[PDB]
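Shown below, as structure tokens, is a lone chain in the form deposited in one PDB entry; questions about how it binds or moves come after it.
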């Protein structure tokens, strides 16, 4: 059975906001040689979906909870965003569509992806995305918080779609829609939900952002009754075949 001795440490990927994540190589059969990302801890984690990180092994060792997950070669969207400082609508439509599927699934499991942001969206070698650091059902980066969360008036699935809107805006413009000089001001800007629409954005993109940026979570796109479909049927994704996207048949615009 699983055991820390079955994995040799290759290198530390980075300090964590969830513990430390190491790049490990399994030493035991049958996946001997296979690379994995190892997370050590001192609430669901098992989800099966093309756009959600897979948990391969989980074992407790005296206070330490080891999680062996997929190693995503491509790194995260935050890193790519910083280097390219903004993606074309083409790239954005693609990442958001796959994210749309991943997110909705997590919502069906009754999970709320509270920490949705580019840092938590990984890319595999093919360029497809994979959501990480999810799981919590019973609840951060302020720039991504929905107004009901800032005011602590609740935190349902709707909150995620607002954050989804923020991710879209940041990838499309290189900037955050609501940014103050400090956390306080940012939260106040989120509450006013006062938003200027950059003129280089397509009308379809602008339409979608306006629908996602509804202060009242009940009027926010994704708030049913067709839930995620409400967002998937938006004109912004007209050219997206969800069937093949799910099957990973759509060619990623970016290849790491």
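So that the term is clear: the rigid core is the largest set of C-alpha atoms that superpose within 1.5 Å between two forms. Numbering follows the first chain given and starts at 1.
Do at least a third of the other compared PDB entries leave residue 91 without coordinates?
Other entries vs residue 91: none skip it.
Does at least a third of the other compared PDB entries (those resolving both flanking residues) leave residue 42 without coordinates?
Across the compared entries, residue 42 is left out in at least a third.
Might you work out how many residues are unmodelled in the deposited sequence between residue 42 and residue 43, and answer none, 1 to 3, 4 to 9, or 10 or more?
Going from residue 42 to residue 43, the model skips 10 or more residues of the deposited sequence.
With residue 139 and residue 140 adjacent in the shown sequence, let me know how many deposited residues between them lack coordinates: none, 1 to 3, 4 to 9, or 10 or more.
10 or more residues are missing.
On average, which has the higher Cα B-factor in the deposited entry, 162-170 or 85-93?
Taking the mean B-factor of the alpha carbons in each, 85-93 is higher.
233-241 versus 17-25: which one carries the higher mean Cα B factor per the record?
Averaged over C-alpha atoms, the B-factors run higher in 17-25.
Using the temperature factors in the entry, find which of 80, 128, 155, 105 has the highest value at its Cα atom.
Of the candidates given, the C-alpha B-factor peaks at 155.
Ordered by C-alpha B-factor within the chain, which third holds residue 57? Give me lowest, middle or highest, please.
For residue 57, whose C-alpha B-factor we compare with every modelled residue in the chain, the answer is the middle third.
Would the CA B-factor of residue 195 place it in the lowest, middle or highest third of its chain?
For residue 195, the deposited C-alpha B-factor lands in the middle third.
Taking the values exactly as deposited, rank residue 65 by C-alpha B-factor within its chain and report the matching third: lowest, middle or highest.
Within its chain, residue 65 is a highest-third residue by C-alpha B-factor, going by the deposited values.
Looking at the C-alpha B-factor of residue 110, is it in the lowest, middle or highest third of its chain?
Top third by C-alpha B-factor.
Using the B-factors in the PDB entry, rank residue 135's C-alpha atom against the chain and give the third, lowest, middle or highest.
Its C-alpha B-factor, which the entry lists for residue 135, ranks in the highest third among residues of this chain.
The form deposited in another entry is left out here; the points below concern that form.
Rigid core fitted, is the C-alpha displacement of residue 227 between this form and the one not shown 2 Å or more?
Yes, its C-alpha moves 2 Å or more.
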